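Encoded as structure tokens, the following chain is the form deposited in one PDB entry, with no partner shown.
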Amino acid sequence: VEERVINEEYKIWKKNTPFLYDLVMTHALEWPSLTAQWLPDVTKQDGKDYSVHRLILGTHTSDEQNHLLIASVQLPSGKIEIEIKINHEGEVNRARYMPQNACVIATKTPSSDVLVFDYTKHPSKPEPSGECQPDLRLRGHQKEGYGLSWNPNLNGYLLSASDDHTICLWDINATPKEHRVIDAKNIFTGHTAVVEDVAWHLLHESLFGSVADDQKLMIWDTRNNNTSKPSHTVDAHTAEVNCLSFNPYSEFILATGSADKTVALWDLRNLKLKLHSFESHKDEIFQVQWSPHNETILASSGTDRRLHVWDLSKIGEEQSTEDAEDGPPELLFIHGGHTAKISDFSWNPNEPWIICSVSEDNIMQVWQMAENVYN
């Protein structure tokens, strides 16, 4: 069975953790989380050798009450605990904090609804009512999705991707109508299949990208008046495109992750030519994240239960026959800590090389590869 091979390979991983990691923490959550994002704040403790970092998590339970979660993590300047539980209707598909106000968190639900929460407007412990009380309900979609991106340059601008083939755009600062409701400012109808992900450009407030099951990458400009035709249509992959992410240091670079088992690299100055293709055997990629500290570093996760960390600067490098046996030199590190599909991961923005990854079997891991692997 696959479960016997997984338990055995986990024990081999577990025993080798002192030789691969400088930091590795494992925590079993009450429910699996489909989402993971570090909050930007760090609370320094007076006289203690640790600092307190926070994570946005969610639950995925079908019989019981779901929650949006704020977890605390003690990291060196080892306890992980839930600080805040907020009732959520259905599982939290994705939860992301507003870059201009980290108290504001948007969530994707297993319904048409896109919700906005201000966690400071809620108690730490939820009421036994079972009622989901978001501060805003964003209208525009017909179906659920996962794709969610806040505009880092234009305060309150949020993009969402849906199974209904559309991309919605909201301005959450707009005057709400009826019951805390905001209608979509625009709906982008370029794709002819389920939209898997959306991402704003990190420097140009009017530019964003989208990826879908139609195997395309679309580049959009909100300054254009036609919301059915993107600026560019890129024939990015040979299968469904599940994710995309813009490089936080280069204003021209972005990555796409796909069901065709690859991560593609793109330059906005030359979209007709794919810069590079990172390949990993029998791994349908669902998440790609650039390092917030190092321009050439990005990580990916798919269905193979591993987390791959890539280094762009090592492409086309000479390798010893021994090293070459582990794979291409651009494959910097493999994290084999999980025993189920990784649902999401997030780079710690305050402590370089620290990552939080969450899997389908309810495990959350906080880890950092050995300083040695990258230096």
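Residue numbers run from 1 along the displayed sequence. Shifts are known only where both forms have a C-alpha. Rigid core here is just the name for the largest C-alpha set that superposes within 1.5 Å across the two forms.
Omitted here: the form solved in complex with a partner chain. The next part is about that form.
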In the deposited complex, the one of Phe286, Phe278, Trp170, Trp150 near its partner chain [non-hydrogen atom within 4.5 angstroms] = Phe286
ask   = Which one of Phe188, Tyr146, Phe208, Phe246 is close to its partner chain in the deposited complex, taking close to mean a heavy atom within 4.5 Å?
value = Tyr146
inquiry  = Residues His60, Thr339 and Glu360 are flagged as a possible site; in the deposited complex, is every one of them within 4.5 Å of its partner chain by some non-hydrogen atom?
reply    = yes
message = Within 4.5 Å, heavy atoms only: does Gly156 come near its partner chain in the deposited complex?
response = no
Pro292, heavy atom within 4.5 angstroms of its partner chain in the deposited complex = no
inquiry  = With the partner left out here, check for me: in the deposited complex, does some heavy atom of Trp31 sit within 4.5 Å of its partner chain?
reply    = yes
task = Determine whether any heavy atom of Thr166 comes within 4.5 Å of a heavy atom of its partner chain in the deposited complex, and answer yes or no.
result = no
query = Only one of 86 to 94, 114 to 122, 198 to 206, 131 to 139 gets a heavy atom within 4.5 Å of its partner chain in the deposited complex; which is it?
reply = 86 to 94
task = Provide the ranges, sorted by sequence, of consecutive runs with at least 3 residues in which each Cα shifts 2 Å or more between this form and the one not shown, based on a superposition on the core.
result = 1 to 5
